[PDB]
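Just below is one structure, and these are the notes that go with it.
No Cβ is skipped: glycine too gets one built from the backbone with ideal geometry, and neighbour counts run over all protein chains shown. Taken together, the values in this text are just the output of simple stated rules run on the coordinates, not laboratory data.
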Amino acid sequence: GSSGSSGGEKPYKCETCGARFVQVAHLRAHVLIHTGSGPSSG
Ligand SMILES: [Zn+2]
C-alpha cells in the first residue's frame with residue numbers, strides 16, 4: 001500500500017530535486033541519493 005501522495009507540513013525541502021520532509025534527518029538522508037550513490041538503481 002504505502003506508496004506516496006504525501007505533501008503537507010514539511011519545513012525541510014530538497015532543492016536538488018524538490019522533495020520535502022518533516023525532519024532534516026530524513027531530507028539530509030535523501031539528498032545523498034543525488035550527490036552520493038548507493039545501490040545500482042536510482
Ligand atoms: Zn532530492
Is it the case that some residue within segment 13-20 is within 13 Å of the ligand (Cβ to nearest atom), without any contact (Cβ under 8 Å) to a residue 40 or more places away in the chain, of a type in the set (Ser, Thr, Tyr) and exposed (fewer than 11 other Cβ atoms within 10 Å of the Cβ)?
no
Considering only segment 25-34, I want to know if a residue exists there that is assigned to a loop (DSSP other than H, G, I, E, B) and within 10 Å of the chain's Cα centre (by Cα).
yes
Restricting the search to segment 21-40, which residues are within 9 Å of the ligand (Cβ to nearest atom) and in contact with a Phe, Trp or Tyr (Cβ under 8 Å, 6 or more places away or on another chain)?
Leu27, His30
